[PDB]
Amino acid sequence: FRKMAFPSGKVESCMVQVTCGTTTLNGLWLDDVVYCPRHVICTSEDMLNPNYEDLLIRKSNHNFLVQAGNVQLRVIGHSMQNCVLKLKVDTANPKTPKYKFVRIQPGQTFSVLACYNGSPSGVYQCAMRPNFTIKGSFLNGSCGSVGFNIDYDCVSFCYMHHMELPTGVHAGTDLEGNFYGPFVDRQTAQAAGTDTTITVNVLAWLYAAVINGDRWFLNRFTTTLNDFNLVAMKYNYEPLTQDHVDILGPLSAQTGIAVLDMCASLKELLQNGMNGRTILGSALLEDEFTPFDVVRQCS
Amino acid sequence: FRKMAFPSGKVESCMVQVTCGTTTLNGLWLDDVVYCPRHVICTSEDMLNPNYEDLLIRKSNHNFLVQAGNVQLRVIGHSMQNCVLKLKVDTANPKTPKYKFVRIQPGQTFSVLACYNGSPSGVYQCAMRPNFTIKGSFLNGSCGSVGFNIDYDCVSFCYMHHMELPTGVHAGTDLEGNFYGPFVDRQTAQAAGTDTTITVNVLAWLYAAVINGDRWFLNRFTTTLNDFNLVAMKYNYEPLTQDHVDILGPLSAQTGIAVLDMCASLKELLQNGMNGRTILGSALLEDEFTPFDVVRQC
Ligand SMILES: *[C@@](O)(CO)[C@H](C[C@@H]1CCNC1=O)NC(=O)[C@H](CC(C)C)NC(=O)c1cc2c(OC)cccc2[nH]1
Ligand SMILES: *[C@@](O)(CO)[C@H](C[C@@H]1CCNC1=O)NC(=O)[C@H](CC(C)C)NC(=O)c1cc2c(OC)cccc2[nH]1
């Protein structure tokens with residue numbers, strides 16, 4: 001069992017570099033449009049106190065330097081959708097995959113293709129936290145990197161990167177330019193709401209541990225859904241819904257462990273700690289695997 | 001800091017499926033050769049005690065079904081090199097990257113592109129353990145999946161998947177078909193040697209902690225390489241080689257902490273534990289980040 005990402009080839013073929021004067025970041029080239037974070041139009045001074053509509057009307061198409069590898073792409077139009085800039089270019093991307101733009105729900109997972117200067121660098125799996133941050137690995141020049149899922153040859157783009165919070169977690173938008181969470185694309189220190197643990201994902205991960213032979217945390221107790229949620233909320237875990245219980249069905253069916261029985265194990269874990277033992281080699285309870293992630297990897 | 005796979009697109013364009021009879025696995029299509037595990041030519045029953053030489057003499061070019069997607073690549077030549085089959089096909093792969101075949105050392109990390117029926121399924125980072133297994137994630141149909149590194153748009157292929165041990169770890173070959181470790185490609189339960197901790201990678205991780213301002217564990221002592229190697233073995237840690245000392249060079253230079261000073265700090269952690277303290281947010285010492293991974297990810 002590993003943290004596994006989608007193969008990144010279909011997205012790699014779409015990454016380009018976008019530059020305005022001194023400011024450079026990544027864009028996503030689909031058909032004849034390049035999508036990128038709108039703050040590419042900002043100078044350093046602009047970023048402190050931007051008026052985006054004001055700065056954009058003053059830009060000309062020839063101010064935008066778009067590079068796909070060695071080839072420059074001529075910008076022939078531009079518009080702004082929330083925090084995303086849409087650059088019309090004179091060439092269609094011949095490797096545009098079947099794709100969709102989706103806004104994901106907290107607790108869902110996606111793969112991140114970290115890019116720098118339009119060049120793909122690494123791929124890794126992230127979850128949208130309940131407080132709408134993501135725990136990513138992003139350096140200077142990573143803005144415009146995207147997150148995505150792949151479902152039978154179709155790429156669902158869900159995340160475009162904009163920001164690293166003082167706490168080292170990250171914040172960004174969907175491909176409609178709308179931030180996840182209460183953040184803004186301005187050069188200021190911003191805090192997120194208090195984070196919580198994604199309970200349904202922890203449970204999926206415990207089932208993964210059982211599937212892979214580690215059972216030490218199981219017990220003979222059970223619990224009602226409500227009494228589990230009482231303890232979970234006490235430890236800053238998200239509540240578990242009956243929808244979540246149903247989504248855990250296949251993993252319950254596979255292991256022969258009723259969902260509310262695994263809840264009783266998790267309750268004991270939260271109240272007792274792991275006593276220095278590990279689960280799937282982790283000293284901490286892991287909450288960035290969805291039930292579908294576990295089902296896909298373990299079957 | 002977290003584990004990152006390489007972007008997999010250059011390798012995805014090289015994945016094909018190879019079928020003999022009803023037996024299908026994955027192959028790697030570079031120029032006009034497809035590389036794949038030789039046990040594709042086994043029936044379910046021959047895998048118990050296979051005579052690959054005798055099994056291959058019954059085989060002809062036209063018995064091999066090679067497909068890129070649903071498109072057949074006609075096989076025009078075949079040969080066996082150790083545990084891989086090399087199938088020459090009539091079409092040179094137009095997406096062949098710059099590539100090399102390399103045999104990695106224990107401790108080295110690489111990205112694995114897990115594939116099923118020639119269809120890439122996922123990508124993740126792996127380290128070769130000192131006992132020559134990898135802690136992978138593989139299901140039925142995964143054989144022929146490859147592991148690789150990318151250095152300046154050149155793909156270094158280092159692993160082709162063959163086997164899952166009873167303990168749930170994985171074993172395979174380099175792309176010349178030579179197993180890492182004492183494993184053989186037959187349908188038998190095989191055991192790996194007892195595993196050890198990858199000392200050079202733990203040290204790289206301590207340097208990354210230092211680079212990030214987490215340096216409480218730096219002590220006032222130094223050690224000789226030989227003294228350290230002897231104590232490290234008492235804790236089931238790998239001994240350091242001269243090559244290990246040299247690849248820690250850049251990180252030592254960046255932090256101003258001599259390699260042997262860091263070894264003395266690690267030795268104190270081994271003899272005394274962490275005393276409830278963490279390093280880079282972990283109570284456990286991480287050993288699957290190489291010095292290159294620390295440089296790359298910073
Ligand atoms: C993009 O590369 C920018 O084009 C960059 C990515 C981050 C740099 C380091 N790691 C990253 O993920 N983004 C930024 O620099 C953004 C730009 C905004 C949206 C205009 N800003 C921040 O991430 C940012 C600003 C501040 C800050 O101010 C003052 C104070 C504290 C944190 C902080 N983060
Ligand atoms: C390839 O897919 C096979 O072409 C398959 C991959 C493993 C299946 C489950 N997870 C995997 O990684 N490989 C095998 O089935 C190989 C085939 C050999 C090389 C001919 N065999 C094993 O991995 C294997 C056999 C046995 C065994 O016997 C009896 C007993 C215990 C473990 C075991 N593993």
# chains A, B, ... in the order shown; residues from 1 in each chain; ligands from 1
$ closest_atom_pairs --of "chain B" --to "chain A" --cutoff "6 Å" --atoms "only C-alpha atoms" --output "JSON lines"
{"residue": "B:4", "atom": "CA", "partner": "A:124", "partner_atom": "CA", "distance": 5.3}
{"residue": "B:5", "atom": "CA", "partner": "A:123", "partner_atom": "CA", "distance": 5.2}
{"residue": "B:6", "atom": "CA", "partner": "A:122", "partner_atom": "CA", "distance": 4.8}
{"residue": "B:7", "atom": "CA", "partner": "A:122", "partner_atom": "CA", "distance": 5.3}
{"residue": "B:8", "atom": "CA", "partner": "A:8", "partner_atom": "CA", "distance": 5.7}
{"residue": "B:9", "atom": "CA", "partner": "A:9", "partner_atom": "CA", "distance": 3.5}
{"residue": "B:122", "atom": "CA", "partner": "A:6", "partner_atom": "CA", "distance": 4.7}
{"residue": "B:123", "atom": "CA", "partner": "A:5", "partner_atom": "CA", "distance": 5.3}
{"residue": "B:124", "atom": "CA", "partner": "A:4", "partner_atom": "CA", "distance": 5.1}
{"residue": "B:137", "atom": "CA", "partner": "A:1", "partner_atom": "CA", "distance": 5.3}
$ select_by_dssp --residues "stretch 1-249 of chain A" --states "alpha helix (DSSP H)" --output "MDAnalysis selection string"
chainID A and resid 9:12 44:48 52:57 199:211 225:234 242:247 249
$ residues_around --residues "residue B:91" --least-positions-apart "5" --cutoff "8 Å" --atoms "only C-alpha atoms" --output "NGL selection string"
:B and (31-32 or 73)
$ write_last_selection --atoms "N, CA and C atoms" --output "JSON list (two decimals), in the first residue's frame"
[["chain", "number", "residue", "atom", "x", "y", "z"],
["B", 31, "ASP", "N", 12.56, 2.13, -29.13],
["B", 31, "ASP", "CA", 12.97, 1.90, -30.52],
["B", 31, "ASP", "C", 12.17, 0.70, -31.02],
["B", 32, "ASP", "N", 12.79, -0.31, -31.62],
["B", 32, "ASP", "CA", 12.05, -1.42, -32.21],
["B", 32, "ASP", "C", 12.20, -2.71, -31.40],
["B", 73, "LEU", "N", 1.65, -4.85, -32.82],
["B", 73, "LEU", "CA", 3.00, -4.69, -33.35],
["B", 73, "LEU", "C", 3.54, -6.07, -33.71]]
$ residues_near_ligand --ligand "ligand 1" --cutoff "9 Å" --atoms "only C-alpha atoms and all ligand atoms" --output "number ranges by chain"
A: 23-26, 37-40, 42, 44, 46-48, 50, 116, 136-145, 161-172, 184-190
$ residues_around --residues "residue A:98" --least-positions-apart "5" --cutoff "8 Å" --atoms "only C-alpha atoms" --output "list in words"
residues 153, 154 and 155 of chain A
$ residues_near_ligand --ligand "ligand 2" --cutoff "10 Å" --atoms "only C-alpha atoms and all ligand atoms" --output "ChimeraX atom specification"
/B:23-26,36-50,83,114-117,136-145,161-172,183-191
$ select_by_dssp --residues "stretch 26-232 of chain A" --states "strand (DSSP E)" --output "NGL selection string"
:A and (26-30 or 33-37 or 64-68 or 71-73 or 75-81 or 84-89 or 98-101 or 109-116 or 119-127 or 146-151 or 154-164 or 170-173)
$ residues_around --residues "residue A:106" --least-positions-apart "3" --cutoff "12 Å" --atoms "only C-alpha atoms" --output "PyMOL selection string"
chain A and resi 103+109-110+126-134+158+180-181+195-201+238+287-288+290
$ residues_around --residues "residue B:88" --least-positions-apart "2" --cutoff "10 Å" --atoms "only C-alpha atoms" --output "ChimeraX atom specification"
/B:29-35,61,73-79,85-86,90-92
$ closest_residue --among "B:18, B:206, B:87, B:160" --to "residue B:112" --atoms "only C-alpha atoms"
B:160
$ atom_distance --atom1 "atom CA of residue B:259" --atom2 "atom CA of residue B:292"
15.5 Å
$ atom_distance --atom1 "atom CA of residue B:182" --atom2 "atom CA of residue B:197"
19.1 Å
$ residues_around --residues "stretch 95-98 of chain B" --least-positions-apart "6" --cutoff "7 Å" --atoms "only C-alpha atoms" --output "ChimeraX atom specification"
/B:10,13-14,30-31,153-155
$ atom_distance --atom1 "atom CA of residue A:252" --atom2 "atom CA of residue A:273"
23.4 Å
$ closest_residue --among "B:113, B:71, B:204, B:284" --to "residue B:270" --atoms "only C-alpha atoms"
B:284
$ closest_atom_pairs --of "stretch 104-191 of chain A" --to "stretch 73-96 of chain A" --cutoff "9 Å" --atoms "only C-alpha atoms" --output "JSON lines"
{"residue": "A:160", "atom": "CA", "partner": "A:84", "partner_atom": "CA", "distance": 8.8}
{"residue": "A:173", "atom": "CA", "partner": "A:83", "partner_atom": "CA", "distance": 7.5}
{"residue": "A:174", "atom": "CA", "partner": "A:84", "partner_atom": "CA", "distance": 8.9}
{"residue": "A:175", "atom": "CA", "partner": "A:84", "partner_atom": "CA", "distance": 7.1}
{"residue": "A:176", "atom": "CA", "partner": "A:81", "partner_atom": "CA", "distance": 6.4}
{"residue": "A:177", "atom": "CA", "partner": "A:83", "partner_atom": "CA", "distance": 4.4}
{"residue": "A:178", "atom": "CA", "partner": "A:82", "partner_atom": "CA", "distance": 6.0}
{"residue": "A:179", "atom": "CA", "partner": "A:83", "partner_atom": "CA", "distance": 7.7}
{"residue": "A:184", "atom": "CA", "partner": "A:83", "partner_atom": "CA", "distance": 8.7}
{"residue": "A:185", "atom": "CA", "partner": "A:83", "partner_atom": "CA", "distance": 7.3}
$ write_last_selection --atoms "C-alpha atoms" --output "CSV table (one decimal), in the first residue's frame"
chain,number,residue,atom,x,y,z
A,160,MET,CA,-4.6,25.4,-9.7
A,173,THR,CA,-8.5,27.8,-7.0
A,174,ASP,CA,-10.6,25.6,-9.2
A,175,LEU,CA,-10.2,26.1,-12.9
A,176,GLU,CA,-13.0,28.6,-12.8
A,177,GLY,CA,-10.7,30.8,-10.7
A,178,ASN,CA,-12.6,30.5,-7.4
A,179,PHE,CA,-10.5,29.9,-4.3
A,184,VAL,CA,-7.3,35.9,-1.7
A,185,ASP,CA,-4.6,36.3,-4.3
